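These notes concern the structure reproduced below.
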Amino acid sequence: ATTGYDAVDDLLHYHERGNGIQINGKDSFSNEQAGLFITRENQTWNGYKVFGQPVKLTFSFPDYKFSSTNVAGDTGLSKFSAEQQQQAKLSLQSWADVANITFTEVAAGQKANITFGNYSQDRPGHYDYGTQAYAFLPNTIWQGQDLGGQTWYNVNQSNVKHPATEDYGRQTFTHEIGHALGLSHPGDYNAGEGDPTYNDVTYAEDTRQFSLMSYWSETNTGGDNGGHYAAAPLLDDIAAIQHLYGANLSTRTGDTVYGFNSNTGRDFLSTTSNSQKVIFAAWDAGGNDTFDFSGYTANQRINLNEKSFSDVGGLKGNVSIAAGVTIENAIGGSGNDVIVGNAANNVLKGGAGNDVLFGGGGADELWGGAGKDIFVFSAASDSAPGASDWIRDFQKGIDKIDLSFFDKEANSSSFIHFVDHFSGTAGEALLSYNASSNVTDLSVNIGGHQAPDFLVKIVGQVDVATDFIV
Ligand SMILES: [Ca+2]
Ligand SMILES: [Ca+2]
Ligand SMILES: [Ca+2]
Ligand SMILES: [Ca+2]
Ligand SMILES: [Ca+2]
Ligand SMILES: [Ca+2]
Ligand SMILES: [Ca+2]
Ligand SMILES: [Zn+2]
């Protein structure tokens, strides 16, 4: 039994977590739990244990003196270059997009909440090629001085010097800012302190697939970013930062397009070519939105449910949707895709290739596009009379309608069965073809009611002998 439903079922159970689950011999935490563990120090710019309140912060790029020594003892200091400043500002904005944080730049001489500076020596006249960067959480006091907000980077590392071309560099900026806002790593470990490895994590999801605060490879949980690094807060980072400063309800409230043809104005949410891969966790506060992954040629798996992961552009588990966000439409690429909608009305387009489309609840509009496509249904409510799904480009003898879930569940080959007239018997399915309108009605009486409780409208003719999977 290799059906469209199996592919759907697989994607729906991808990366399940929490509720007493255990992965890699470790406890699994839900998105909510992870967000809380990541902010376990309880420090915020609004005060200790003061959660959910908005904050206004200033930042700057001070003019550090080479010969000066910073609080951690590093020296060979320097001001961020123009390329570093530009990428740092993109990293700041990516945090402000998801939580109620306002960032305002002040002059180098003015006191600032968050600062950025380069270092190159661990002792005078001795270059350091072994460290990467560090930062102090809010309310870190030493000798009556508040160190919170300072972020320091080893400019001897090429990724730090050229964050615009080395994605690890941009990720490092986002990570350090995360610390400066109050987030810790998801587990108790820190560079220059023992020999930690993924085996030392507290919860399974402590990887770069779920949080950029993590040190561990996404491959530990089955992800694969193809050698790239996420530039902006990931799924669990969003939960963490929103716990501290609240969710930003004014972000992208209009109709937004993510991926190709994007109108987000965010480098990490957009792409203009098959070679440019995206890695992101989507936060969107309103509107009719679309995941457009039409320009990719790889086989993709797109799930529009909240907190779920998708396989986009040749990568694995690189795209996700934050808790409480509703993304309405999705467009597949020229590969053989699996596209799973949600309870809202979705517009799903498979594009070329042999796709599997699952609308779920609501009134969906499904387009298989070219290729041999399969439209899957598993509940009467997937296409209730009054709110029917529409299959707009069905090709008889080529595409298929998969109703296999039903007989499997009933464990009976005769539950779903075609008839020429209803009788009130549950399981009866009826096809009504209108040659003048080019529309075929597929009615099914799943519950055994007086009237059918499932009705799909199909543009095109359907051949009962070859077009169904039952
Ligand atoms: Ca939107
Ligand atoms: Ca929406
Ligand atoms: Ca496709
Ligand atoms: Ca197709
Ligand atoms: Ca539906
Ligand atoms: Ca739907
Ligand atoms: Ca097709
Ligand atoms: Zn860190």
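Residue numbers start at 1 in each chain; chains themselves are named A, B, ... in the order of the structure tokens; ligands are numbered from 1 in the order shown.
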
- Message: If the limit is 8 Å from any atom of ligand 6, counting only C-alpha atoms and all ligand atoms, which residues qualify? Return them as a PyMOL selection string.
- Response: chain A and resi 328+341-346+358-364+382

Saved selection, atoms kept: N, CA, C and O atoms, as a compact mmCIF listing (two decimals), in the first residue's frame:
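Once everything was written out, this is selection32.txt:
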```txt
# COMPACT_ATOMS: atom_id res chain seq x y z
N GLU A 328 -1.89 30.45 4.53
CA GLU A 328 -2.99 29.89 3.75
C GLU A 328 -2.68 29.16 2.46
O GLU A 328 -3.39 28.20 2.13
N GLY A 341 -2.29 20.98 3.58
CA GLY A 341 -2.88 22.25 4.02
C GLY A 341 -3.31 22.18 5.47
O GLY A 341 -2.96 21.24 6.19
N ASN A 342 -4.11 23.14 5.91
CA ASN A 342 -4.57 23.18 7.29
C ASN A 342 -6.08 23.37 7.31
O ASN A 342 -6.74 23.22 6.27
N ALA A 343 -6.65 23.67 8.47
CA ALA A 343 -8.10 23.82 8.60
C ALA A 343 -8.66 25.05 7.91
O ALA A 343 -9.89 25.13 7.76
N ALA A 344 -7.84 25.99 7.49
CA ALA A 344 -8.36 27.17 6.81
C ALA A 344 -8.56 26.85 5.32
O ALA A 344 -8.12 25.80 4.86
N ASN A 345 -9.17 27.77 4.58
CA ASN A 345 -9.32 27.56 3.13
C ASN A 345 -7.93 27.76 2.51
O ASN A 345 -7.32 28.82 2.68
N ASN A 346 -7.42 26.76 1.80
CA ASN A 346 -6.11 26.90 1.20
C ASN A 346 -6.16 26.79 -0.32
O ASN A 346 -6.95 26.01 -0.87
N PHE A 358 -3.16 17.51 -0.17
CA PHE A 358 -4.10 17.23 0.91
C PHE A 358 -4.60 18.55 1.48
O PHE A 358 -3.83 19.31 2.07
N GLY A 359 -5.88 18.85 1.24
CA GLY A 359 -6.41 20.12 1.71
C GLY A 359 -6.79 20.19 3.15
O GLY A 359 -6.75 21.27 3.76
N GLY A 360 -7.18 19.08 3.78
CA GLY A 360 -7.58 19.21 5.17
C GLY A 360 -8.94 19.91 5.20
O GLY A 360 -9.67 19.88 4.21
N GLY A 361 -9.27 20.52 6.33
CA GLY A 361 -10.53 21.20 6.55
C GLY A 361 -10.71 22.46 5.74
O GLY A 361 -9.79 22.89 5.05
N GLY A 362 -11.89 23.09 5.83
CA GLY A 362 -12.14 24.30 5.09
C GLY A 362 -12.43 24.04 3.61
O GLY A 362 -12.37 22.89 3.17
N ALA A 363 -12.70 25.09 2.85
CA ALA A 363 -12.98 25.02 1.42
C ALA A 363 -11.68 25.31 0.66
O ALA A 363 -11.27 26.46 0.55
N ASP A 364 -11.05 24.25 0.17
CA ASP A 364 -9.78 24.39 -0.51
C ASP A 364 -9.91 24.37 -2.02
O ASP A 364 -10.85 23.79 -2.57
N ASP A 382 -13.36 17.28 5.32
CA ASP A 382 -12.36 17.84 4.42
C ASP A 382 -13.09 18.60 3.31
O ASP A 382 -12.58 19.53 2.70
```

- Message: Using only C-alpha atoms, which protein or nucleic acid residues come within 10 Å of residue 236 (chain A)? Drop anything in the same chain fewer than 2 positions from it, and give the result as a VMD selection string.
- Response: chain A and resid 30 to 38 186 205 to 206 208 to 213 233 to 234 238 to 242 281 307 322 to 323

Output file for the selection above: C-alpha atoms, as a JSON list (two decimals), in the first residue's frame:
```
[["chain", "number", "residue", "atom", "x", "y", "z"],
["A", 30, "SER", "CA", 7.48, 20.86, 23.04],
["A", 31, "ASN", "CA", 7.94, 24.26, 21.42],
["A", 32, "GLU", "CA", 6.54, 25.93, 24.57],
["A", 33, "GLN", "CA", 8.81, 23.99, 26.94],
["A", 34, "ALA", "CA", 11.89, 24.69, 24.83],
["A", 35, "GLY", "CA", 11.13, 28.42, 24.84],
["A", 36, "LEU", "CA", 10.92, 28.34, 28.61],
["A", 37, "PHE", "CA", 14.09, 26.33, 29.09],
["A", 38, "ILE", "CA", 16.02, 28.68, 26.81],
["A", 186, "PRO", "CA", 19.26, 25.51, 25.22],
["A", 205, "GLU", "CA", 15.50, 19.39, 20.19],
["A", 206, "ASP", "CA", 18.62, 21.23, 21.22],
["A", 208, "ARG", "CA", 20.35, 24.24, 15.00],
["A", 209, "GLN", "CA", 17.21, 22.87, 13.31],
["A", 210, "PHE", "CA", 15.15, 24.30, 16.18],
["A", 211, "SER", "CA", 17.23, 27.12, 17.65],
["A", 212, "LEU", "CA", 20.20, 29.16, 16.53],
["A", 213, "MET", "CA", 21.15, 29.50, 20.21],
["A", 233, "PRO", "CA", 15.41, 33.17, 14.96],
["A", 234, "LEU", "CA", 14.18, 29.61, 14.53],
["A", 238, "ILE", "CA", 10.63, 32.60, 18.62],
["A", 239, "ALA", "CA", 8.88, 30.90, 21.52],
["A", 240, "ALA", "CA", 11.66, 32.06, 23.83],
["A", 241, "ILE", "CA", 11.82, 35.68, 22.79],
["A", 242, "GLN", "CA", 8.02, 36.05, 22.69],
["A", 281, "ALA", "CA", 10.73, 29.89, 10.83],
["A", 307, "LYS", "CA", 4.67, 24.38, 14.50],
["A", 322, "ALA", "CA", 5.63, 29.49, 14.41],
["A", 323, "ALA", "CA", 2.94, 28.67, 16.96]]
```

- Query: Residues within 8 Å of ligand 2 (only C-alpha atoms and all ligand atoms), as JSON, numbers by chain?
  - Reply: {"A": [253, 255, 256, 284, 285, 286, 287, 288, 289, 325, 326, 327, 328]}

Those selected residues, please, written with N, CA and C atoms and delivered as a PDB file, in the first residue's frame.
```
ATOM      1  N   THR A 253       1.167  42.037   8.582  1.00  0.00           N
ATOM      2  CA  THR A 253      -0.260  41.754   8.701  1.00  0.00           C
ATOM      3  C   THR A 253      -0.974  41.776   7.353  1.00  0.00           C
ATOM      4  N   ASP A 255      -1.143  40.699   3.016  1.00  0.00           N
ATOM      5  CA  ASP A 255      -1.010  39.419   2.307  1.00  0.00           C
ATOM      6  C   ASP A 255       0.470  39.237   1.974  1.00  0.00           C
ATOM      7  N   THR A 256       1.097  38.241   2.588  1.00  0.00           N
ATOM      8  CA  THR A 256       2.534  38.052   2.405  1.00  0.00           C
ATOM      9  C   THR A 256       2.936  36.844   1.592  1.00  0.00           C
ATOM     10  N   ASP A 284       4.018  35.491  11.260  1.00  0.00           N
ATOM     11  CA  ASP A 284       3.188  36.382  10.418  1.00  0.00           C
ATOM     12  C   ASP A 284       1.930  36.701  11.215  1.00  0.00           C
ATOM     13  N   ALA A 285       1.593  37.978  11.361  1.00  0.00           N
ATOM     14  CA  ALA A 285       0.456  38.298  12.211  1.00  0.00           C
ATOM     15  C   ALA A 285      -0.879  38.509  11.532  1.00  0.00           C
ATOM     16  N   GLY A 286      -1.010  38.294  10.232  1.00  0.00           N
ATOM     17  CA  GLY A 286      -2.327  38.455   9.618  1.00  0.00           C
ATOM     18  C   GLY A 286      -2.283  38.405   8.105  1.00  0.00           C
ATOM     19  N   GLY A 287      -3.459  38.381   7.462  1.00  0.00           N
ATOM     20  CA  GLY A 287      -3.523  38.391   6.018  1.00  0.00           C
ATOM     21  C   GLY A 287      -3.595  37.034   5.358  1.00  0.00           C
ATOM     22  N   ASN A 288      -3.694  37.072   4.035  1.00  0.00           N
ATOM     23  CA  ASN A 288      -3.760  35.861   3.214  1.00  0.00           C
ATOM     24  C   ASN A 288      -2.351  35.658   2.655  1.00  0.00           C
ATOM     25  N   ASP A 289      -1.665  34.665   3.211  1.00  0.00           N
ATOM     26  CA  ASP A 289      -0.268  34.375   2.914  1.00  0.00           C
ATOM     27  C   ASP A 289      -0.003  33.104   2.132  1.00  0.00           C
ATOM     28  N   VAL A 325       0.444  30.861  14.042  1.00  0.00           N
ATOM     29  CA  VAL A 325       0.461  31.546  12.747  1.00  0.00           C
ATOM     30  C   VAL A 325      -0.332  30.742  11.721  1.00  0.00           C
ATOM     31  N   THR A 326      -1.110  31.412  10.875  1.00  0.00           N
ATOM     32  CA  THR A 326      -1.841  30.671   9.849  1.00  0.00           C
ATOM     33  C   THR A 326      -1.339  31.099   8.467  1.00  0.00           C
ATOM     34  N   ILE A 327      -0.754  30.155   7.741  1.00  0.00           N
ATOM     35  CA  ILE A 327      -0.277  30.392   6.377  1.00  0.00           C
ATOM     36  C   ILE A 327      -1.321  29.721   5.474  1.00  0.00           C
ATOM     37  N   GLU A 328      -1.890  30.450   4.525  1.00  0.00           N
ATOM     38  CA  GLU A 328      -2.993  29.893   3.749  1.00  0.00           C
ATOM     39  C   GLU A 328      -2.685  29.163   2.465  1.00  0.00           C
TER      40      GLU A 328
END
```

- Run DSSP on the backbone and grab whatever in region 286-443 of chain A lands in alpha helix (DSSP H); send it over as a PyMOL selection string. chain A and resi 404-410

- Query: Residues at most 10 Å from region 117-133 of chain A, counting only C-alpha atoms, excluding those fewer than 4 positions away in the same chain, as a VMD selection string?
  - Reply: chain A and resid 60 to 64 66 to 70 72 to 81 84 150 to 157 159 to 161 169 172 to 173 175 to 176 191 to 192

- Message: Please find the residues contacting ligand 4 at a distance of at most 12 Å between atoms, with only C-alpha atoms and all ligand atoms counted, and report them as a ChimeraX atom specification.
- Response: /A:294,299-300,331-339,348-357,366-375,393-395,398-400

- Have a look at CA of residue 199 (chain A) and CA of residue 235 (chain A) and let me know their distance in Å, one decimal.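 Computed distance, CA of residue 199 (chain A) to CA of residue 235 (chain A), equals 21.5 Å.
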
- Query: So which residues touch residue 419 (chain A) within 8 Å, counting only C-alpha atoms, skipping near sequence neighbours fewer than 6 positions away, as a ChimeraX atom specification?
  - Reply: /A:428-430

Selected residues written out, C-alpha atoms, as an mmCIF file, in the first residue's frame:
```cif
data_model
loop_
_atom_site.group_PDB
_atom_site.id
_atom_site.type_symbol
_atom_site.label_atom_id
_atom_site.label_comp_id
_atom_site.auth_asym_id
_atom_site.auth_seq_id
_atom_site.Cartn_x
_atom_site.Cartn_y
_atom_site.Cartn_z
ATOM 1 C CA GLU A 428 -22.007 4.934 -0.925
ATOM 2 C CA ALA A 429 -20.134 7.161 -3.398
ATOM 3 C CA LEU A 430 -21.781 8.808 -6.411
#
```

- Atomic distance CA of residue 442 (chain A) - CA of residue 458 (chain A), expressed in Å with one decimal: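 Separation between CA of residue 442 (chain A) and CA of residue 458 (chain A): 7.6 Å.
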
- Query: Out of A:116, A:95, A:406, A:103, which residue has the shortest atom-to-atom distance to residue 246 (chain A) when counting only C-alpha atoms?
  - Reply: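 Smallest separation from residue 246 (chain A) among the options: A:95.
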
- 9 Å contact set for residue 261 (chain A), only C-alpha atoms, chain neighbours under 4 positions out, as a list in words: residues 257, 270, 271, 272 and 292 of chain A

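Minimum distance to residue 237 (chain A) across A:201, A:279, A:99, A:312 (counting only C-alpha atoms) occurs at A:99.
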